[PDB]
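A.B. asks: Dumping the structure here so I can ask a few things about it.
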There are 2 protein chains.
Amino acid sequence: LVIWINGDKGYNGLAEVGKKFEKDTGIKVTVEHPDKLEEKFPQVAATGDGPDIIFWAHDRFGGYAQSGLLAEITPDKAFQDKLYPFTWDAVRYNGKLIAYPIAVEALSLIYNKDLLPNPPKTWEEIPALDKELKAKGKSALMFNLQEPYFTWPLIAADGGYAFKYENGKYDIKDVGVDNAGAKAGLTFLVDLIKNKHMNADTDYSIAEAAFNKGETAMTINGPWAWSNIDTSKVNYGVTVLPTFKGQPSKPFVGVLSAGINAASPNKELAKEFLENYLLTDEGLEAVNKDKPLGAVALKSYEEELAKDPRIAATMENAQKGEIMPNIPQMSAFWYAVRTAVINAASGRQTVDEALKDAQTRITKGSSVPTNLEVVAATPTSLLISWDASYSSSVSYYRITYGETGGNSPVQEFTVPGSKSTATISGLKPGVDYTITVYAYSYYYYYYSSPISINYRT
Amino acid sequence: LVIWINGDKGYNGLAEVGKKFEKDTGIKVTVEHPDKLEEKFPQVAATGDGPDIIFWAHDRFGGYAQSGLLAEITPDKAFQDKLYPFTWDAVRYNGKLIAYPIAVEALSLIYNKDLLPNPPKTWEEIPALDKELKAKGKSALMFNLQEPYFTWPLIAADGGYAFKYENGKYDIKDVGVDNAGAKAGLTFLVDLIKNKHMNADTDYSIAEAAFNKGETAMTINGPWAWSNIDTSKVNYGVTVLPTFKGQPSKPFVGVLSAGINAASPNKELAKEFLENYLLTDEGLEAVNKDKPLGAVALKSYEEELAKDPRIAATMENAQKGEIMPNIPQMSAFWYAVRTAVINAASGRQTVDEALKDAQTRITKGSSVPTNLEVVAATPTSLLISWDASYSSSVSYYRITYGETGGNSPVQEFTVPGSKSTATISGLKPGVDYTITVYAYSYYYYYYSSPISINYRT
């Protein structure tokens, strides 16, 4: 068994779990932490190399899954029960489970216990709190306003959402950026800036420095920031995010996941290392003692880690939050919502006109299918993949390929509408090829804007 | 094969190596020495022209490498063994070998054999030596005090360094300008001026004239100065620099390097001209007979050149010295350290306060990434590059571009954190564009101070 985990993770602790797995199977478990493994993995996976199992944030596993680089796992209903139900959503791609949830990460309210022993429960309290802290040379709250990741929890509190998640599946046409809930949260954000309780230019560096110096009573940040606060000697706590209109703040949730290589011949061995060795209290502890995982998916060991109220706050916020969509369409969400917040916060646009523009940007006419890519290639063949969002509406994909700039009649085949990968063979080495995919409806037409890419073998 | 070498180099000797390469391959080798070729090369390289191979000092190859203008070479472990291990560091950029080391250059102690048949082994000897030479109408030592390049060997002797070089990689946050070793060497320098053994206003011209006239017993200078001394008729020797606190003086090392064009289709031919034709004893001799290379990287021929003790002193000092960093951050080092030495030497600042100010100047909050630049452009497209120092910390770069002064929503794409170049296409001809690069952490924020540039197509 070959395992890839990041260098910042408890890789020596994982090696102790491997030693125990070896101690009663005779199966050698080797743990590697290559540089840039998240870039490395797809380069080696389809082309017959790579590890049996990969550990990474779930926001990358989506790209791996579209290319079919990850085995569909099949854990028991009883094993699933051992883990928090929402974690299973993070590792679901195309209705299939493609990874095991390991750890959970989300933003929390970080407060200065000296300045503010009892931090506010609602966003509505903060203005008045700020005004009283000003009269004492301080501010209530500073955090990264430039990034939708940090500001989305407040915007989502009511209606706000990225893409509706209905039953194991995203509805990429249903976007909740424009709804009255999203307007209410952003309006409140903008009003904080308007009423001089916050500053529109405040970024990550300015927020962190202020809090760690003791200039501001609160910040909004993730577990990664704790180590720098520990060193600052600030008497800090970590707690649930404030409510807005009675509703919990909804941060994006990131899940450290253990996926199994599709090409691996050790799939059953990997199943058992993970299920019956790593995802136990003794498995996760050995890794946690090496380097802390934060909040974990395994209920049993999470109940123990929560003795640390910072880890408990991370879990509470995560459970009130929204799993981070790992679909390619998130990139349109980030760009449009980034612009909207900045434009509303700067006073360049009204909240209404900023989020409207973002909604129409997300839902704008696009490529169908989307994110077509070469995943691996010999000099005579290509492996290609594309996004499967519309598979229910798609009867079949029609794929064409031909030498770029040339005038030969294209070569053509079709693939069923459930499919999202394809092989192209019989090509010429060192030649540019234009690959186009058309998505056909059940009604004899293809959906607007087929997608093409160029690539040289 | 087309080769670019400077006009001051043995270009006719290199043409004889080309004749021999032609004599058993039928491959024509043409050697050109254009004016300002170091400026010329990047202008022509990315835009499809330029030579197959370029010869230049390694301090320029860093800029060529950031833009990806140089092919990664892949010599054998056995071929690498033929050359001095430290030379390979000079031609390493982003962990990759991007050139072949040819010749080596460093400062040495130049002494007058008439005045001083046995030159001092330690810096500590010089004061007493100066006082005895004064009583005879002479001084011990004169050299270029205005430039950190000339004064750094003494400052580095103990702890002093620019950027820690750990394993094929610089740590640009680890700067050794402030450490006690750097304070000790500079203090000793300042004390020489204080005790009237040297003068703070002494520059290159004043040092050279004094030594060549026979007014001073020693100078500190490089091989380039020897020709003028030969003519002065001074009975001079060239030797190892003095120690300081038992430690060797550590001069910056410059390496004449042979790089291969990334755009070249003759990469394997160039590999073999260089490896099996130029970098041999017969190859380097033919060039050396035309015009002397000084100390060379090829162990085998260097052992022969060292029969000349001046060439041997250059090599000995080089091996005790520090490879010249060819990263863009060196420019901050030069400016800050130049000021520090001058300020301490003039008595405007204490040594401690001068080097502290320089340390905080080098490590000061900056652009991330740094040195963003256009490397080549058609009227509809730009090729851009930036510094890759933080690639391990960077998850991805977010690049934006839009018409300057305009108010259109920016166009945006992202590139992986390993990358350091990008293509921007679909632009308008004769229009100003603002290009910004943001470096994202793995924690959903960008590092402080993204970098932007303007450029008209």
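Order determines the names: the first chain of the structure tokens is A, the second B, and so forth; residues in each chain are numbered 1 upward, and ligands are numbered 1 upward as they are shown.
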Find the residues near residue 46 of chain B: any atom within 9 Å, counting only C-alpha atoms, skip ones fewer than 4 places away on the same chain, and give them as a list in words.
C.D. replies: residues 41, 42, 50, 67, 68, 69, 262, 263, 375, 376, 377 and 383 of chain B
A.B. asks: Pick out each residue of segment 237-301 of chain B that DSSP on the backbone tags as alpha helix (DSSP H); I need them as JSON, numbers by chain.
C.D. replies: {"B": [267, 268, 269, 270, 271, 272, 273, 281, 282, 283, 284, 285, 286, 287, 288, 289, 290, 299, 300, 301]}
A.B. asks: Counting only C-alpha atoms, what is within 9 Å of residue 161 of chain B, bar same-chain residues fewer than 2 positions away, as a CSV table (one decimal) with N, CA, C and O atoms, in the first residue's frame?
C.D. replies:
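Done, and the output landed in around-v8.csv:
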chain,number,residue,atom,x,y,z
B,152,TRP,N,31.9,42.7,0.9
B,152,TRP,CA,31.1,41.6,1.5
B,152,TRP,C,32.0,40.4,1.9
B,152,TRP,O,31.6,39.7,2.9
B,155,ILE,N,32.7,40.9,5.6
B,155,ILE,CA,31.4,40.9,6.3
B,155,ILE,C,30.9,39.5,6.4
B,155,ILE,O,30.2,39.1,7.4
B,156,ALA,N,31.1,38.7,5.4
B,156,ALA,CA,30.5,37.3,5.3
B,156,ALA,C,31.4,36.3,6.1
B,156,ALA,O,30.8,35.2,6.6
B,157,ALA,N,32.7,36.6,6.3
B,157,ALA,CA,33.6,35.6,6.9
B,157,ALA,C,33.1,34.8,8.0
B,157,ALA,O,33.1,33.5,7.9
B,158,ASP,N,32.5,35.4,9.1
B,158,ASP,CA,31.7,34.7,10.0
B,158,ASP,C,30.3,34.3,9.5
B,158,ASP,O,30.2,33.7,8.4
B,159,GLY,N,29.3,34.8,10.2
B,159,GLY,CA,27.9,34.4,9.9
B,159,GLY,C,27.4,35.0,8.6
B,159,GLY,O,26.5,34.4,7.9
B,163,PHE,N,21.1,35.3,1.3
B,163,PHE,CA,19.9,34.4,1.5
B,163,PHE,C,20.3,33.0,1.7
B,163,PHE,O,21.1,32.4,0.9
B,164,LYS,N,19.8,32.3,2.7
B,164,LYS,CA,20.2,30.9,3.1
B,164,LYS,C,19.9,30.0,1.9
B,164,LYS,O,18.9,30.0,1.3
B,175,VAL,N,17.7,35.9,5.9
B,175,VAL,CA,18.7,36.9,5.5
B,175,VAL,C,19.7,37.0,6.7
B,175,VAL,O,19.3,37.2,7.8
B,176,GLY,N,21.0,37.0,6.3
B,176,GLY,CA,22.0,37.0,7.3
B,176,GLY,C,22.9,38.2,7.3
B,176,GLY,O,24.1,38.2,7.4
B,177,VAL,N,22.2,39.4,7.2
B,177,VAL,CA,22.8,40.7,7.1
B,177,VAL,C,23.0,41.3,8.6
B,177,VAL,O,23.9,42.1,8.8
B,179,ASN,N,23.1,39.3,11.5
B,179,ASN,CA,23.7,38.4,12.5
B,179,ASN,C,25.0,38.9,13.0
B,179,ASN,O,25.7,39.7,12.4
B,182,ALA,N,28.0,39.2,10.8
B,182,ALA,CA,28.0,40.3,9.9
B,182,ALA,C,28.4,41.6,10.6
B,182,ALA,O,29.1,42.5,10.0
B,322,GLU,N,30.9,32.4,-1.8
B,322,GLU,CA,29.5,32.2,-1.8
B,322,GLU,C,29.0,32.5,-3.3
B,322,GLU,O,29.3,33.5,-3.9
A.B. asks: Where in segment 305-403 of chain B does DSSP assign strand (DSSP E or B), given as a count of residues only?
C.D. replies: 21
A.B. asks: Pull out every residue of chain B sitting within 8 Å of chain A, counting only C-alpha atoms, and send them as JSON, numbers by chain.
C.D. replies: {"B": [392, 412, 418, 443, 444, 445, 446, 447, 448]}
A.B. asks: To one decimal place, how far is atom CA of residue 238 of chain B from atom CA of residue 289 of chain B in Å?
C.D. replies: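 We find that atom CA of residue 238 of chain B and atom CA of residue 289 of chain B lie 21.2 Å from each other.
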A.B. asks: Considering only C-alpha atoms, return as an NGL selection string whatever protein or nucleic-acid residues lie within 12 Å of residue 185 of chain A, sequence-local ones (same chain, fewer than 4 positions apart) excluded.
C.D. replies: :A and (123-124 or 151-161 or 177-181 or 189-192 or 243-245 or 247-250 or 341 or 344 or 351-352 or 355)
